[PDB]
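Quick heads-up: it's one chain on its own, the form deposited in one PDB entry, in structure tokens.
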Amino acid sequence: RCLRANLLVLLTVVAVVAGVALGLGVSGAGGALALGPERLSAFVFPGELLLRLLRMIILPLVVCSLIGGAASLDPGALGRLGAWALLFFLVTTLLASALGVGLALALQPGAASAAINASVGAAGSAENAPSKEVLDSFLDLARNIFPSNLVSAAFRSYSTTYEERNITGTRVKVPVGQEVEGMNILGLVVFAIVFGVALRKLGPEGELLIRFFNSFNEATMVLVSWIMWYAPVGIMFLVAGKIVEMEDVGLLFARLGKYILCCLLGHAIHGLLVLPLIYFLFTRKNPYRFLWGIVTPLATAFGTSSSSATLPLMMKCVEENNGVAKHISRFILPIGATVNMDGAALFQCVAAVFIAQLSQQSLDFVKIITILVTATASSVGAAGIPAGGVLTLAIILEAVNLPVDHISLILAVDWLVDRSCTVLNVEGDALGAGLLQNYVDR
């Protein structure tokens, strides 16, 4: 039944297209002048509603899915599967970063152009920042893993601020911990996997609890169906809202066209050559057919700019349309949503290269490898915090000591590349799910 099967793909594609058309027409016809902030808020609001609907069920879905999938196979197979999945994510993220190096060195976006100016973008506020240390970020990562409390971990995550408690002499900034908003999805993933291993290692005592969690998860898929049916409207109004929020006739595109073209082509080549080729090589099966099976979550990733938010739609689509195993999907896809950030590593690396390129820095081999490794680590380093969309580049440049004086340039256009990032991240997660499913089948 092609007409009924493909209707969602048609709606979300038409919704994105109508969103760009609506927002461009509104902006050309006056935009905010005709709108005002109150009508702007009401215009964006259905997008916010979609995010609120999707951020509601990621907690039940992730927790119950990991508990019900981790306890569907013995711990030895679980360990082999997880180790191979972590290796696949690490390899793809490293490859994406190297690919970004390759394009950014070649196309040369940091040539002399309008983007040389940074007074308007920075205006002195770029240097003023928390300036979080790399060791502190890794410690906050390892403390958001193994959370202090599970309930607070369902809406809070450790972040280490810095105080000036060194009044005795030579004032130096010293860390203090204070939980701040944002889910600890990584901590819940770890606790859920560990708990599922525990129930599998129990026997008749845990059958009840597995049945509980699987039923809870299936009810959450039942919610996901209806949120999917709503999702095109939210995508339309969210995309339209964000392009009325800043004029996009082509001024920033004319300013940073080479950079944005690198980031988008890097995401496309990573999305449309590499991971498809890996899927070819290993499972010998059609990646473009599989990719077509998952278009509504990819469009939702584009619309939402949040990999965790599109995950329920993605798990529903992958289990329903594509012939992916339920337990493999349950285990792999949430872990991919908090570890695997191929596009994030990509445009973080391309950003670092671009800002090094302007002012004519060297970046011969050692600095290249450092950016690769720290980008691969920051793929998960940014995962714990939702606020740090591109904030983690600053700590990389602190580690490698590059000019952070114009980091604010990308904040004007973080909202475009991060969408393709989210698309690529969920894409890599799904391709890994299919690949590992067919391993476990073999």
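Position 1 is the first residue in the sequence shown; the rest follow in order.
One more form of this protein, deposited with a small molecule bound, exists but is not displayed; see below.
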property: Partner contact for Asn217 in the deposited bound form: the small molecule, 4.5 angstroms, heavy atom; result: no
property: is_contact(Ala344, the small molecule) in the deposited bound form, heavy atom dist at most 4.5 Å; result: yes
property: In the deposited bound form, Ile410 touching the small molecule (heavy atom, 4.5 Å); result: no
property: Heavy atom of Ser305 within 4.5 Å of the small molecule in the deposited bound form; result: yes
property: Interface stretch in the deposited bound form with the small molecule - options 22 to 30, 401 to 409, 385 to 393, 37 to 45, non-hydrogen atom within 4.5 Å; result: 385 to 393
